[PDB]
file start_6.csv (CSV, C-alpha atoms)
chain,number,residue,atom,x,y,z
A,2,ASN,CA,13.3,-7.0,-13.5
A,3,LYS,CA,14.8,-4.6,-11.0
A,4,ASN,CA,14.8,-4.5,-7.1
A,5,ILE,CA,14.6,-0.7,-6.7
A,6,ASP,CA,11.8,-0.3,-9.3
A,7,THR,CA,9.8,-2.9,-7.4
A,8,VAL,CA,10.6,-1.1,-4.0
A,9,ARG,CA,9.5,2.2,-5.7
A,10,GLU,CA,6.2,0.4,-6.9
A,11,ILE,CA,5.5,-1.1,-3.3
A,12,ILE,CA,6.1,2.3,-1.6
A,13,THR,CA,3.9,4.0,-4.2
A,14,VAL,CA,1.1,1.5,-3.9
A,15,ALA,CA,1.4,1.5,-0.1
A,16,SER,CA,1.5,5.4,0.3
A,17,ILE,CA,-2.0,5.3,-1.2
A,18,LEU,CA,-3.1,2.8,1.5
A,19,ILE,CA,-1.6,4.9,4.3
A,20,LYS,CA,-3.4,8.2,3.3
A,21,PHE,CA,-6.6,7.0,1.7
A,22,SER,CA,-7.9,4.2,4.1
A,23,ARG,CA,-5.2,4.8,6.8
A,24,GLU,CA,-4.4,2.7,9.9
A,25,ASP,CA,-7.3,0.3,9.5
A,26,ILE,CA,-6.1,-2.1,6.8
A,27,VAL,CA,-2.3,-1.2,7.2
A,28,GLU,CA,-2.5,-2.6,10.8
A,29,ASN,CA,-3.2,-6.3,10.2
A,30,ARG,CA,0.2,-7.8,9.0
A,31,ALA,CA,-1.3,-10.4,6.7
A,32,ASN,CA,-4.0,-8.0,5.2
A,33,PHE,CA,-1.3,-5.4,4.3
A,34,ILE,CA,1.0,-7.7,2.4
A,35,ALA,CA,-2.1,-9.5,0.8
A,36,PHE,CA,-3.1,-6.1,-0.7
A,37,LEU,CA,0.3,-6.0,-2.5
A,38,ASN,CA,-0.1,-9.6,-3.7
A,39,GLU,CA,-3.8,-9.0,-4.9
A,40,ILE,CA,-2.5,-6.9,-7.8
A,41,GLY,CA,0.4,-9.3,-8.5
A,42,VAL,CA,3.6,-7.1,-8.1
A,43,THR,CA,6.1,-10.1,-8.4
A,44,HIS,CA,9.9,-10.2,-8.2
A,45,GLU,CA,12.3,-12.9,-9.5
A,46,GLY,CA,9.2,-15.0,-10.2
A,47,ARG,CA,8.1,-15.0,-6.6
A,48,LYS,CA,5.1,-13.4,-5.0
A,49,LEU,CA,6.2,-11.4,-1.9
A,50,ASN,CA,5.7,-13.4,1.3
A,51,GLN,CA,7.1,-12.0,4.6
A,52,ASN,CA,10.6,-13.2,3.8
A,53,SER,CA,10.7,-11.6,0.3
A,54,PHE,CA,8.6,-8.5,1.2
A,55,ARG,CA,11.0,-7.3,3.9
A,56,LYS,CA,14.2,-8.5,2.1
A,57,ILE,CA,13.7,-6.3,-0.9
A,58,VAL,CA,13.6,-3.2,1.4
A,59,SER,CA,16.3,-4.6,3.8
A,60,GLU,CA,18.6,-6.0,1.0
A,61,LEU,CA,18.6,-2.7,-0.8
A,62,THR,CA,21.5,-0.4,-1.9
A,63,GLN,CA,22.1,2.2,0.8
A,64,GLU,CA,22.3,5.1,-1.8
A,65,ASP,CA,19.0,4.0,-3.5
A,66,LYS,CA,17.3,3.5,0.0
A,67,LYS,CA,18.5,7.0,1.0
A,68,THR,CA,17.2,8.4,-2.4
A,69,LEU,CA,13.7,7.2,-1.3
A,70,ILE,CA,14.2,8.7,2.2
A,71,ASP,CA,15.3,12.0,0.6
A,72,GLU,CA,12.6,12.4,-2.1
A,73,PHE,CA,9.6,10.6,-0.7
A,74,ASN,CA,9.6,12.4,2.7
A,75,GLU,CA,6.3,11.2,4.1
A,76,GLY,CA,5.7,8.4,1.7
A,77,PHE,CA,8.8,6.3,2.3
A,78,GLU,CA,9.0,7.1,6.1
A,79,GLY,CA,5.3,6.1,6.2
A,80,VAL,CA,5.9,2.5,5.1
A,81,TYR,CA,9.3,2.4,6.9
A,82,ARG,CA,8.0,3.3,10.4
A,83,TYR,CA,5.0,0.9,10.0
A,84,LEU,CA,7.0,-2.0,8.6
A,85,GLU,CA,9.6,-1.9,11.4
A,86,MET,CA,6.9,-1.4,14.0
A,87,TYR,CA,4.4,-4.1,12.8
A,88,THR,CA,6.1,-6.7,10.6
A,89,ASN,CA,8.3,-9.2,12.6
A,90,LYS,CA,9.7,-12.6,11.6
B,546,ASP,CA,-1.9,17.6,-5.7
B,547,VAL,CA,0.4,18.9,-2.9
B,548,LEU,CA,-2.7,19.9,-0.8
B,549,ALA,CA,-4.5,16.5,-0.6
B,550,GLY,CA,-1.0,14.7,-0.7
B,551,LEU,CA,-0.7,12.6,-3.9
B,552,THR,CA,2.3,12.4,-6.1
B,553,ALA,CA,2.2,12.0,-9.9
B,554,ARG,CA,3.7,8.5,-9.4
B,555,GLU,CA,0.8,7.5,-7.1
B,556,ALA,CA,-1.9,8.8,-9.5
B,557,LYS,CA,-0.1,6.8,-12.3
B,558,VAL,CA,-0.1,3.4,-10.3
B,559,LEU,CA,-3.8,4.1,-9.5
B,560,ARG,CA,-4.7,4.4,-13.3
B,561,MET,CA,-2.4,1.5,-14.0
B,562,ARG,CA,-3.4,-1.2,-11.5
B,563,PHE,CA,-6.5,0.0,-9.6
B,564,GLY,CA,-8.2,1.1,-12.9
B,565,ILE,CA,-9.2,4.6,-11.7
B,566,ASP,CA,-8.6,7.3,-14.3
B,567,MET,CA,-7.0,10.5,-13.1
B,568,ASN,CA,-6.7,12.1,-16.6
B,569,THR,CA,-9.9,14.2,-16.8
B,570,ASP,CA,-10.5,17.7,-15.4
B,571,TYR,CA,-10.5,17.7,-11.6
B,572,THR,CA,-12.3,20.4,-9.5
B,573,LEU,CA,-12.8,20.4,-5.7
B,574,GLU,CA,-16.2,18.6,-5.7
B,575,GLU,CA,-15.2,15.9,-8.3
B,576,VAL,CA,-11.9,15.4,-6.3
B,577,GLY,CA,-14.3,15.0,-3.3
B,578,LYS,CA,-16.5,12.3,-4.9
B,579,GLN,CA,-13.4,10.6,-6.4
B,580,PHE,CA,-11.6,10.3,-3.0
B,581,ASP,CA,-14.8,8.7,-1.4
B,582,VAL,CA,-15.1,6.3,-4.3
B,583,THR,CA,-11.3,5.6,-4.7
B,584,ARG,CA,-11.1,4.9,-0.9
B,585,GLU,CA,-14.2,2.7,-0.9
B,586,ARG,CA,-12.6,0.9,-3.9
B,587,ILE,CA,-9.7,-0.1,-1.6
B,588,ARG,CA,-12.2,-1.6,1.0
B,589,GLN,CA,-13.7,-3.6,-2.0
B,590,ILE,CA,-10.1,-4.7,-2.7
B,591,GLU,CA,-9.8,-5.6,1.0
B,592,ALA,CA,-12.7,-8.0,0.7
B,593,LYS,CA,-11.2,-9.8,-2.3
B,594,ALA,CA,-7.7,-10.0,-0.8
B,595,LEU,CA,-9.1,-11.6,2.5
B,596,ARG,CA,-10.5,-14.4,0.3
B,597,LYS,CA,-6.9,-15.2,-0.9
B,598,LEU,CA,-5.8,-15.2,2.7
B,599,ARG,CA,-7.6,-18.5,3.5
B,600,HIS,CA,-5.1,-19.6,6.2
B,601,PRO,CA,-5.8,-18.7,9.9
B,602,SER,CA,-3.6,-15.6,10.5
B,603,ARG,CA,-6.5,-13.6,12.0
B,604,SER,CA,-5.7,-11.8,15.2
B,605,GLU,CA,-9.0,-9.9,15.7
B,606,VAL,CA,-11.8,-8.7,13.4
B,607,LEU,CA,-15.1,-6.8,13.6
B,608,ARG,CA,-18.1,-8.8,14.8
B,609,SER,CA,-21.1,-7.1,16.5
B,610,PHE,CA,-20.6,-6.6,20.2
B,611,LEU,CA,-17.2,-4.9,20.5
B,612,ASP,CA,-18.1,-1.9,18.4
B,613,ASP,CA,-16.2,1.5,18.5
call {"tool": "encode", "arguments": {"input": "start_6.csv", "output": "structure tokens"}}
result
Amino acid sequence: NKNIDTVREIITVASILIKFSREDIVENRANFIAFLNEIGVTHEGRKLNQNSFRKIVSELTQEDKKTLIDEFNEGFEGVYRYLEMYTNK
Amino acid sequence: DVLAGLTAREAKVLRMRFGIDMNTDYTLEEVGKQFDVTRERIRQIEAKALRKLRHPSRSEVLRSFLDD
């Protein structure tokens, strides 16, 4: 079902990664997105490859994006800063 | 919760997907052993996920000689 619920899921499951095991496994572009696919959080029937992974955060409603920025201070900014730093095309 | 850093949402996805039950009584030392164990559980996940990543997208990894 929904895009923002899935984004909320991804940020929740990644915030965990970020503060538990830290910059070790987060680093490696493939390993990071592979951790999300491991548990099978899927959207529109598709498992999130580097296209679909960034596109659900990038093609996201400004207001619901800002809601995450607002409420999840360190958690959203955490995945945000690392995804724009690490994950290219 | 605020001290070690974890949100109610995060504890819920843990006991949804990762299988680890935050639901019992938690004191300091139990929180301690559970953080250890929960963190280690992720590096056990790591292992299993790097078997689904069969294709060569490996930049660098930990052999013997280049240790920290």
call {"tool": "atom_distance", "arguments": {"input": "start_6.csv", "atom1": "CA of residue 601 in chain B", "atom2": "CA of residue 54 in chain A"}}
result
19.7 Å
call {"tool": "closest_atom_pairs", "arguments": {"input": "start_6.csv", "of": "chain A", "to": "chain B", "cutoff": "12 Å", "atoms": "all atoms listed in the file", "output": "tab-separated table"}}
result
residue	atom	partner	partner_atom	distance
A:6	CA	B:554	CA	12.0
A:9	CA	B:554	CA	9.3
A:10	CA	B:558	CA	7.8
A:11	CA	B:558	CA	10.0
A:12	CA	B:555	CA	9.2
A:13	CA	B:555	CA	5.5
A:14	CA	B:558	CA	6.8
A:15	CA	B:555	CA	9.2
A:16	CA	B:555	CA	7.7
A:17	CA	B:555	CA	6.9
A:18	CA	B:587	CA	7.8
A:19	CA	B:584	CA	10.8
A:20	CA	B:550	CA	8.0
A:21	CA	B:584	CA	5.6
A:22	CA	B:584	CA	6.0
A:23	CA	B:584	CA	9.7
A:25	CA	B:588	CA	10.0
A:26	CA	B:591	CA	7.7
A:27	CA	B:591	CA	10.7
A:28	CA	B:604	CA	10.7
A:29	CA	B:604	CA	7.8
A:30	CA	B:602	CA	8.8
A:31	CA	B:602	CA	6.8
A:32	CA	B:595	CA	6.8
A:33	CA	B:591	CA	9.1
A:34	CA	B:594	CA	9.6
A:35	CA	B:594	CA	5.8
A:36	CA	B:594	CA	6.0
A:37	CA	B:594	CA	9.1
A:38	CA	B:594	CA	8.1
A:39	CA	B:594	CA	5.7
A:40	CA	B:562	CA	6.9
A:41	CA	B:562	CA	9.4
A:42	CA	B:562	CA	9.8
A:50	CA	B:598	CA	11.7
A:72	CA	B:552	CA	11.0
A:73	CA	B:552	CA	9.3
A:74	CA	B:550	CA	11.4
A:75	CA	B:550	CA	9.4
A:76	CA	B:552	CA	9.4
call {"tool": "residues_around", "arguments": {"input": "start_6.csv", "residues": "residue 58 in chain A", "least_positions_apart": "2", "cutoff": "10 Å", "atoms": "only C-alpha atoms", "output": "list in words"}}
result
residues 4, 5, 7, 8, 9, 11, 12, 53, 54, 55, 56, 60, 61, 62, 66, 81 and 84 of chain A
call {"tool": "closest_residue", "arguments": {"input": "start_6.csv", "among": "A:59, A:52, A:89, A:43", "to": "residue 2 in chain A", "atoms": "all atoms listed in the file"}}
result
A:43
call {"tool": "residues_near_point", "arguments": {"input": "start_6.csv", "point": "(-7.2, 13.6, -14.0)", "cutoff": "12 Å", "atoms": "all atoms listed in the file", "output": "number ranges by chain"}}
result
B: 546, 553, 556-557, 559-560, 565-572, 575-576, 579
call {"tool": "atom_distance", "arguments": {"input": "start_6.csv", "atom1": "CA of residue 85 in chain A", "atom2": "CA of residue 63 in chain A"}}
result
16.9 Å
call {"tool": "atom_distance", "arguments": {"input": "start_6.csv", "atom1": "CA of residue 77 in chain A", "atom2": "CA of residue 57 in chain A"}}
result
13.9 Å
call {"tool": "axis_aligned_box", "arguments": {"input": "start_6.csv", "around": "range 584-599 of chain B", "padding_each_side": "3 Å", "output": "lines of an AutoDock Vina configuration file"}}
result
center_x = -10.0
center_y = -6.8
center_z = -0.2
size_x = 14.4
size_y = 29.4
size_z = 13.4
call {"tool": "closest_residue", "arguments": {"input": "start_6.csv", "among": "B:611, B:578, B:589, B:573", "to": "residue 548 in chain B", "atoms": "all atoms listed in the file"}}
result
B:573
call {"tool": "decode", "arguments": {"input": "start_6.csv", "residues": "range 578-596 of chain B", "atoms": "N, CA and C atoms", "output": "PDB file, in the first residue's frame"}}
result
ATOM      1  N   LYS B 578      22.667  -6.159  28.081  1.00  0.00           N
ATOM      2  CA  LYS B 578      22.923  -7.444  27.404  1.00  0.00           C
ATOM      3  C   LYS B 578      22.091  -7.493  26.134  1.00  0.00           C
ATOM      4  N   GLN B 579      20.899  -6.865  26.143  1.00  0.00           N
ATOM      5  CA  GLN B 579      20.018  -6.834  25.006  1.00  0.00           C
ATOM      6  C   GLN B 579      20.565  -5.972  23.874  1.00  0.00           C
ATOM      7  N   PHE B 580      21.347  -4.903  24.153  1.00  0.00           N
ATOM      8  CA  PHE B 580      21.937  -4.043  23.133  1.00  0.00           C
ATOM      9  C   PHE B 580      23.088  -4.725  22.378  1.00  0.00           C
ATOM     10  N   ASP B 581      24.137  -5.199  23.088  1.00  0.00           N
ATOM     11  CA  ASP B 581      25.018  -6.310  22.705  1.00  0.00           C
ATOM     12  C   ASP B 581      24.445  -7.354  21.745  1.00  0.00           C
ATOM     13  N   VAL B 582      23.432  -8.081  22.217  1.00  0.00           N
ATOM     14  CA  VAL B 582      22.798  -9.192  21.538  1.00  0.00           C
ATOM     15  C   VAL B 582      22.026  -8.729  20.301  1.00  0.00           C
ATOM     16  N   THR B 583      21.075  -7.777  20.421  1.00  0.00           N
ATOM     17  CA  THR B 583      20.439  -7.050  19.303  1.00  0.00           C
ATOM     18  C   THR B 583      21.368  -6.467  18.253  1.00  0.00           C
ATOM     19  N   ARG B 584      22.523  -5.884  18.636  1.00  0.00           N
ATOM     20  CA  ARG B 584      23.495  -5.360  17.689  1.00  0.00           C
ATOM     21  C   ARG B 584      24.163  -6.493  16.933  1.00  0.00           C
ATOM     22  N   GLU B 585      24.675  -7.492  17.679  1.00  0.00           N
ATOM     23  CA  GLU B 585      25.220  -8.714  17.128  1.00  0.00           C
ATOM     24  C   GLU B 585      24.258  -9.430  16.187  1.00  0.00           C
ATOM     25  N   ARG B 586      22.940  -9.449  16.505  1.00  0.00           N
ATOM     26  CA  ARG B 586      21.907  -9.974  15.627  1.00  0.00           C
ATOM     27  C   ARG B 586      21.905  -9.309  14.265  1.00  0.00           C
ATOM     28  N   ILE B 587      22.168  -7.985  14.178  1.00  0.00           N
ATOM     29  CA  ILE B 587      22.298  -7.283  12.913  1.00  0.00           C
ATOM     30  C   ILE B 587      23.514  -7.789  12.149  1.00  0.00           C
ATOM     31  N   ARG B 588      24.693  -8.113  12.762  1.00  0.00           N
ATOM     32  CA  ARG B 588      25.872  -8.571  12.006  1.00  0.00           C
ATOM     33  C   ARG B 588      25.681 -10.039  11.580  1.00  0.00           C
ATOM     34  N   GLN B 589      24.762 -10.780  12.237  1.00  0.00           N
ATOM     35  CA  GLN B 589      24.237 -12.064  11.790  1.00  0.00           C
ATOM     36  C   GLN B 589      23.288 -11.914  10.596  1.00  0.00           C
ATOM     37  N   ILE B 590      22.411 -10.893  10.582  1.00  0.00           N
ATOM     38  CA  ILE B 590      21.667 -10.436   9.402  1.00  0.00           C
ATOM     39  C   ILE B 590      22.548 -10.051   8.196  1.00  0.00           C
ATOM     40  N   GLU B 591      23.634  -9.266   8.438  1.00  0.00           N
ATOM     41  CA  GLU B 591      24.681  -8.835   7.494  1.00  0.00           C
ATOM     42  C   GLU B 591      25.173  -9.977   6.626  1.00  0.00           C
ATOM     43  N   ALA B 592      25.720 -11.006   7.305  1.00  0.00           N
ATOM     44  CA  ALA B 592      26.106 -12.299   6.779  1.00  0.00           C
ATOM     45  C   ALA B 592      25.105 -12.894   5.797  1.00  0.00           C
ATOM     46  N   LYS B 593      23.818 -12.958   6.203  1.00  0.00           N
ATOM     47  CA  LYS B 593      22.767 -13.601   5.439  1.00  0.00           C
ATOM     48  C   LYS B 593      22.366 -12.762   4.225  1.00  0.00           C
ATOM     49  N   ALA B 594      22.516 -11.426   4.324  1.00  0.00           N
ATOM     50  CA  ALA B 594      22.190 -10.476   3.278  1.00  0.00           C
ATOM     51  C   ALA B 594      23.279 -10.427   2.218  1.00  0.00           C
ATOM     52  N   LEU B 595      24.561 -10.539   2.614  1.00  0.00           N
ATOM     53  CA  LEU B 595      25.689 -10.624   1.691  1.00  0.00           C
ATOM     54  C   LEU B 595      25.843 -11.966   0.972  1.00  0.00           C
ATOM     55  N   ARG B 596      24.925 -12.926   1.221  1.00  0.00           N
ATOM     56  CA  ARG B 596      24.680 -14.111   0.418  1.00  0.00           C
ATOM     57  C   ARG B 596      23.605 -13.843  -0.624  1.00  0.00           C
TER      58      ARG B 596
END
